[PDB]
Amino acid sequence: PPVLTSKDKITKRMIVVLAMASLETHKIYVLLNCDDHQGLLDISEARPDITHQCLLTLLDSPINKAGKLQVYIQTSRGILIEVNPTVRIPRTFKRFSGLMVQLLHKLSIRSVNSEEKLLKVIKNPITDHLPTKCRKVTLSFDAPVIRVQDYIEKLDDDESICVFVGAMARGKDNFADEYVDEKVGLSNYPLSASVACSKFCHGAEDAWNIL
């Protein structure tokens, strides 16, 4: 399954961008996070677990395995990361952090052999990296609920779909407003970020006959 990148601006893919991601290294370096740095401190700006949670939730999906998914992370401090669909993200937060810390310092994680870059810090904005036919949407409890399967079917045969989800514990849905066409809800109940991710993946897997 040929790998999706920001260069390919034609192919019809689904893109999820994890926004307000908490990825702030703390000099001692390790990732700043509630557990260890509860005491040191506002806990909300320090929830990298949520990101780590979603990455597993996202890369483990049938849709990524079918390579019609693309993940981006955009932290709460405006750092932008392209995730390579084929990267086998560490399963444990600890190992995750080691890696995440390194990537922030070096700006990219390279495969020990291939020329590919498993993870890369790219320059803003995110609009310069998305496909040219691409619907921009924000997830929000405070919006009209939808069936993900229905929504996906209304897309042009060429139109990709890029959803902005907040990798945060709480807060305003404004984080992507300068980019979005539309904000929508996936549920009557408020969801965790990772759950919102499953919902979309799964609805779109369904829409796209995966698999």
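A residue's number is simply how far along the shown sequence it sits, counting from 1. Take the two forms, find the largest set of C-alpha atoms that superpose within 1.5 Å, and that set is the rigid core.
Do you reckon 32-40 or 163-171 strays further from the shown form in 4 other deposited structures of this protein, measuring C-alpha RMS after a core fit? Relative to the shown form, the greater RMS C-alpha distance in 4 other deposited structures of this protein belongs to 32-40.
Which of these two stretches, 72-80 or 115-123, has the larger RMS Cα offset in 4 other deposited structures of this protein when the rigid core is kept aligned? Checking 72-80 against 115-123 in 4 other deposited structures of this protein, I find the farther stretch is 115-123.
Missing from the model but present in the deposited sequence, between residue 41 and residue 42: In the record, 4 to 9 residues between residue 41 and residue 42 lack coordinates.
Deposited-sequence gap flanked by residue 28 and residue 29: In the deposited sequence, 4 to 9 residues between these two have no coordinates.
Per the PDB record, is the mean Cα temperature factor higher over 8-16 or over 187-195? Result: 8-16.
Which of 53-61 and 159-167 has higher mean CA B factor, as the PDB entry lists it: That would be 159-167.
Check the PDB entry and point out which of 73, 109, 121, 112 has the largest C-alpha temperature factor. The C-alpha B-factor peaks, among 73, 109, 121, 112, at 112.
Going by the recorded CA B-factors, say which third of the chain residue 47 sits in, lowest, middle or highest. Answer is lowest: the recorded C-alpha B-factor places it there.
Going by the recorded CA B-factors, say which third of the chain residue 173 sits in, lowest, middle or highest. Its C-alpha B-factor belongs to the middle third of this chain's values.
Please say which third, lowest, middle or highest, residue 90 falls into when its CA temperature factor is compared across its chain. Lowest third, going by the recorded CA B-factors of the chain.
Could you tell me which third, lowest, middle or highest, the C-alpha B-factor of residue 98 occupies within its chain? Answer is lowest: the recorded C-alpha B-factor places it there.
Would you mind ranking residue 131 by its C-alpha B-factor against the rest of the chain and naming the third, lowest, middle or highest? Its C-alpha B-factor belongs to the highest third of this chain's values.
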